[PDB]
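Trainee: In our numbering, the protein residues as written are 297 to 373.
Let me give you the structure first, and then I'll get to my questions.
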């Protein structure tokens with residue numbers, strides 16, 4: 297439930313901010329914590345402000361932080 301790297305913690309924090317609820321786990325489902333389309337916009341907006349971007353449909357196919365973490369193709373040997 298707890299984040300591992302400092303990036304996953306930062307991602308959990310922005311998540312907590314958008315949803316108005318602290319300490320977001322990486323297995324909590326985004327659509328199970330009150331996420332609307334307007335809240336998705338706040339995430340996308342606040343992500344362009346700090347970090348990279350994100351598309352609307354990419355959130356539903358990666359509706360967890362673990363899946364969004366794996367979706368790093370946007371940015372083990």
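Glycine included, each C-beta is placed from N, C-alpha and C at the ideal position.
Give the single residue among 333, 317, 344 and 306 whose Cα lies nearest to the Cα of residue 356.
Mentor: Position 60 of the chain shown, counted from the first residue, corresponds to residue 356. Ranking the options by Cα distance to residue 356, first place goes to 333.
Trainee: Tell me the rounded alpha-carbon separation between residue 284 and residue 345.
Mentor: As displayed, the chain neither begins before 297 nor continues past 373, which places residue 284 out of reach and without an answer.
Trainee: For residue 315 versus residue 361, is the C-beta distance shorter than 8 Å?
Mentor: Numbered from 1 along the chain shown, position 19 holds the residue referred to as residue 315. Numbered from 1 along the chain shown, position 65 holds the residue referred to as residue 361. No, they are not a contact pair.
Trainee: Whose C-beta lies closer than 7 Å to the C-beta of residue 325 among residues of the same chain, with five residues either side of it excluded?
Mentor: Here residue 325 corresponds to residue number 29 of the chain shown, with the count starting at 1. These residues qualify, in order along the chain: 359 and 360.
Trainee: How many angstroms separate the CA atom of residue 353 from the CA atom of residue 368?
Mentor: Taking the chain shown and counting its residues from 1, the one referred to as residue 353 is at position 57. Taking the chain shown and counting its residues from 1, the one referred to as residue 368 is at position 72. Spanning the two alpha carbons is a distance of roughly 15 Å.
Trainee: Considering only residues of the same chain and omitting the five flanking positions on each side of residue 335, which have a CB-CB separation below 7 Å?
Mentor: The residue labelled residue 335 in the question sits at position 39 within the chain shown. Around residue 335: 314 and 315.
Trainee: Tell me the residue span of the alpha helix (DSSP H) that contains residue 313.
Mentor: The count along the chain shown starts at 1 and reaches residue 313 at position 17. 302-315 is the extent of the alpha helix (DSSP H) around residue 313.
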